[PDB]
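A structural walkthrough
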6 protein chains.
Amino acid sequence: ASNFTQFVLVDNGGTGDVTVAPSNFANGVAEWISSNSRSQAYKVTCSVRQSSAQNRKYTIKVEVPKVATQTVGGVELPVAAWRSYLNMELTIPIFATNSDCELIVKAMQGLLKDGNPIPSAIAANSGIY
Amino acid sequence: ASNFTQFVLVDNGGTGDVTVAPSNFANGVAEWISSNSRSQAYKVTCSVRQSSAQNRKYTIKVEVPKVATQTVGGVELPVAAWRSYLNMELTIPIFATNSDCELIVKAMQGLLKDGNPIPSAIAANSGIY
Amino acid sequence: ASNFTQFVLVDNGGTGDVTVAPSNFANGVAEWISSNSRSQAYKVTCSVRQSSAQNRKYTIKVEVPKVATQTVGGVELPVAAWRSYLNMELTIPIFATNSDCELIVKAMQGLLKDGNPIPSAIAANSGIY
Amino acid sequence: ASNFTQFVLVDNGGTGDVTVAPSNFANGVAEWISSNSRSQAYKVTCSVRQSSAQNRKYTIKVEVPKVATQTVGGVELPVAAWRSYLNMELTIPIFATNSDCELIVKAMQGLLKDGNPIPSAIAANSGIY
Amino acid sequence: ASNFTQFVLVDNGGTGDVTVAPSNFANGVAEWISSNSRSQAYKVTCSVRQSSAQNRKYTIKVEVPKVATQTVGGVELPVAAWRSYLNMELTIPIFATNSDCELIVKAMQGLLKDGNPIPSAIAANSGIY
Amino acid sequence: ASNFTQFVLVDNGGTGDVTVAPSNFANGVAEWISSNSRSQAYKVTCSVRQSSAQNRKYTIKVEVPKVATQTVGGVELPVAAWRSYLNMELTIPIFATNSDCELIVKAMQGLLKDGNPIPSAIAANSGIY
RNA sequence: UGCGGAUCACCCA
RNA sequence: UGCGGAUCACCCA
RNA sequence: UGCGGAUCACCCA
RNA sequence: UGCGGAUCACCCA
């Protein structure tokens, strides 16, 4: 085993699926990027740290690019029109058991499930009301 | 088309499900809490704002209780030993269309799907290896 | 020929054995933990480095939980009253061959074998007399 | 009884076994050395100390020599090409019972058992991977 | 998945092969060492970094030792009579796709294929003529 | 005899092959360029020198271009969108025989063989992990 | 306290 | 610590 | 940045 | 000497 495996970041039913693969582990930061030039790649980074005597903190980062082709100095280059950045920090007490942590994962999955308040608002460019 | 309604945060397949219901809306910050004491409740807050000229930023906070050896309705100190904190900040450039935002949501769902690296590590009290 | 695999740390003869499994690899420091909450888990970390021009140094750390009167999955404070810490540092001159290193390992196994002075004293809450 | 007895440090099946014997107890440090000149001897030292109000700390040291014969000033002397040094510190809480301490000993024996990750890496001059 | 694994550095048929194994990955620098005496070992290190806004730079190092036995005063140690030092730096713009990178690799493998100008000169203590 | 000849730098089956040819050998620096527009050409240079009393040092350079067409004001020129820069230095003591040099070459060819750690990382825009 | 160092019951921060 | 900011493993209070 | 040096992740202009 | 930078046989400490 090694959980540092590749996974499907954006699922579009097998056709046009954004897949992300292990690309770096330097400095304790696990990194994943899609098969693109470094300038147009989806990027995911993860790191864990004992943030205190009784706490552990996960720091996760996701970068979603809007791929474009730009003409700089009369030449064509693969670039990113802009990027969207997700930054999350999860602080878990050292007292949390394996079942306690599964409860945290389930909460995050239910938070972002299709049809629920938050993903509905984000997908429509609105707030909660 | 109001989206501030109750939803299932922790789905255990109908039996043992955790439901979170609207509980506050002070200052545009929508809040949802489970039916517990606030020291043991599941909490979710969400707010959107124009962080700058080029971006909008969603701030989602989630609080999850440590359930193992928990005494329902009891006083458990210190507070930090019994709660986990999730802090999410999504930055979306003002040029993102509904389609772009939908993709960004799929990426978040993909990052947390069962079997993937990040959720598997969190659930096993691990990092990447 | 990968050696970062799970192993039996505490052998009780098949029944009641404690298994430690790979859990982290941030910064070359390999980590193994038992299936518990991190406050009650068995932990093992290991790293090697060129401490100086003439030597290499292995740093092995082991954390063992106090099990008597322990409440599985519970919050036990203070942390120092419930854990034992083992700190090992092995310095091997760069001239040591595989044979030399094997002898050094046998010496460590010999020092801790059942019936010998050091382990017998540790197990009886004693010193030398 | 008196656990200050001689033991077999390096076991080679009865032939070429490095045996170590009680040689000193001055200043609370128990010492053992093999039957060699003090310059080529295997050395083991052990001491216990109440390192705090609620902690006890064992300090163990093992020295494995690479015996050689050197010619200084035209004369032959028994000496050590180089030495390997093992330094360990075990901190145990005063609350650990006799059964709790046996668990610590078992962990150290299982840590160094033939075929496991750590002794495998050390014996082959590599790291964990 | 992991690429910080053991690999054959020098291929001499089936036996006589020099194999290098992971030894350390501290501060973004991956290190590989061959077995036995560190003093006579082959060394391979690798690191990547963002050298500028548009460039990522690989820094690869290889050390080939000339195995020998030193003798001073009658004491003999395994050493390296001398070492050959390979030092390479590879700069690749961030607009390079996985296809462009594969070509850069083919170029490196071709520059050193048996029979070509450069490896021939090196193999014969020669230069170009 | 001469080793300042034409050779295949990038091998793509039988056709698509990049061939580099001698172009200049001024001041102890041998240079090889691929055919057509110098602006989109592959470049390879090589030089040797006595860097110190006991060492001779090779300095090899390779340039991989990203063929493109520039357009400014309507005039179009063949250019290189960008270039990948390989820079290597190989130091070899004067005591190295033709046999020792052949090993150094095998080590270089092995470091870059398909499948091994380093060429794989480079080919996938990755680092070590 | 140090996954700081050593010629190893000493030295350093 | 911030429901502070970013060009996103960095910056600010 | 050096077709600058090394005992090779350091040092020099 | 740099796991220092480059538009790459140059430039920096």
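Heads up: the structure comes first, above all this text.
Residues numbered from 1 in each chain as written, not as in the entry; some residues may be left out. Chains lettered and ligands numbered in written order. Part of a larger assembly, values for the part shown. Heavy atoms only, no water.

1. A word on the packing of aromatic side chains
Definition in use: Planes of paired rings set the category: under 30 degrees apart is stacked, over 60 is edge-to-face and the rest tilted, where pairs are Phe, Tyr or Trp rings (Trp by its six-membered ring) whose centres lie within 6.5 Å. The way it works is that DSSP assigns letters per residue, a run of H or I at least four long becomes a helix, a run of E at least two long becomes a strand, and they are numbered from the N terminus. Only protein chains enter the area calculation, which uses a 1.4 Å probe; residues under 20% of their type maximum are buried, those over 50% are exposed, and those in between are partly exposed.
Taken as a whole and judged by the stated rule, the model has 21 aromatic pairs over all chains. With a centroid separation of 5.1 Å and 85° between ring planes, the pair formed by B:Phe4 and B:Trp32 is classed as edge-to-face. Taken as a pair, B:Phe4 in the segment before β1 (7-10) and B:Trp32 in strand β3 (residues 30-33) lie far apart in primary sequence, 28 residues in all. Under the relative-accessibility criterion, B:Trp32 is labelled buried at 0%. Three or more aromatic residues link up through ring pairs in this structure, and these residues are A:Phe4, A:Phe7, A:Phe25, A:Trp32, B:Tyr129, C:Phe4, C:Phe7, C:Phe25, C:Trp32 and F:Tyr129.

2. Overview of the sheet that holds strand β1 (residues 7-10) of chain E
Rules: Strand pairing is assigned whenever DSSP identifies at least 2 bridges connecting the two strands. Note on geometry: axes are C-alpha line fits, over the in-contact stretch for helices, and angles between N-to-C directions span 0 to 180 degrees. Whether two residues touch is decided by their heavy atoms; if any such pair falls within 4.5 Å, the residues are in contact.
Taken together, the twelve strands give an open sheet; going across it, the order is β1(E)-β2(E)-β3(E)-β4(E)-β5(E)-β6(E)-β6(F)-β5(F)-β4(F)-β3(F)-β2(F)-β1(F), and neighbouring strands pair in antiparallel fashion. Looking along the sheet, the strands with just one partner apiece sit at the ends: β1 of chain E together with β1 (7-10) of chain F. Averaged over all neighbouring strand pairs, the angle between strand axes comes to 25°, with direction disregarded. Packed on one face of the sheet, helix α1 (residues 98-111) of chain E meets β6 (75-93) of chain E together with β1, β4 (43-50), β5 (55-72) and β6 (75-93) of chain F and runs near 150° to β1(F). Contacts from helix α1 (residues 98-111) of chain F reach β1, β4 (43-50), β5 (55-72) and β6 of chain E together with β6 of chain F within the one sheet, and its direction differs from that of β1(E) by about 150°.

3. Focus on the relation of the copies chain C and chain B
Here is the rule we go by: Between copies, superposition follows a least-squares criterion applied to the C-alpha atoms.
With an RMSD of 0.0 Å, chain C superimposes on chain B once it is rotated by 72° and translated 0.0 Å along the axis. Those values place the two copies in the arrangement expected of a five-fold rotation axis. The position closest to the rotation axis in chain C is occupied by the C-alpha of C:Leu77, lying 9.0 Å away.

4. Some thoughts on the protein's contact with RNA strand G
Here is the rule: Residues are counted as near a molecule or strand when any one of their heavy atoms sits within 4 Å of it. In the analysis that follows, any N or O atom pair within 3.5 Å is treated as a polar contact, provided that within protein one partner can donate a hydrogen and the other can accept it, and provided that, for residues neighboring in sequence, both atoms belong to side chains. In this count, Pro and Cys sit with the nonpolar residues alongside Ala, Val, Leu, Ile, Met, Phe, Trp and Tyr, while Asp, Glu, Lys and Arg are called charged and the others, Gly among them, polar.
For RNA strand G, the set of nearby residues contains 21 residues, the closest of which are C:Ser51, D:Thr45, D:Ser47, D:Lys61 and D:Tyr85. Sugar and phosphate atoms form 58% of the subset of RNA strand G atoms that lie within 4 Å of the protein. D:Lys61 places a polar side-chain atom, nitrogen or oxygen, 2.4 Å from a sugar or linking oxygen of RNA strand G. Looking at the surface near RNA strand G, the elements that each hand over two or more residues are β4 (43-49) and β5 (55-65) of chain C together with β4 (43-49), β5 (55-72) and β6 (75-93) of chain D. Of the residues belonging to the surface near RNA strand G, the class tally is four nonpolar, eleven polar and six charged.

5. A word on the sheet that holds β3(B)
The twelve strands lie next to each other as β1(A)-β2(A)-β3(A)-β4(A)-β5(A)-β6(A)-β6(B)-β5(B)-β4(B)-β3(B)-β2(B)-β1(B), forming an open sheet whose pairing is antiparallel. Because the sheet does not close on itself, it has two edges, and the strands there are β1 (7-10) of chain A together with β1 of chain B. Strand-to-strand twist in this sheet, taken as the mean axis angle between neighbours without regard to direction, amounts to 25°. Across three bridges, the pairing between strand β2 (residues 18-24) of chain A and strand β3 (residues 30-33) of chain A is antiparallel. Looking across to β3(A), one finds that A:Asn24 is bridged to A:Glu31. Against the sheet, helix α1 (residues 98-111) of chain A engages β6 (75-93) of chain A together with β1, β4 (43-49), β5 (55-65) and β6 (83-93) of chain B, with an angle of about 150° to β1(B). Sheet strands touched by helix α1 (residues 98-112) of chain B: β1, β4 (43-49), β5 (55-72) and β6 of chain A together with β6 of chain B. Its angle to β1(A), the strand with the most contacts, is close to 155°.

The analysis is restricted to geometry; functional conclusions fall outside its scope.
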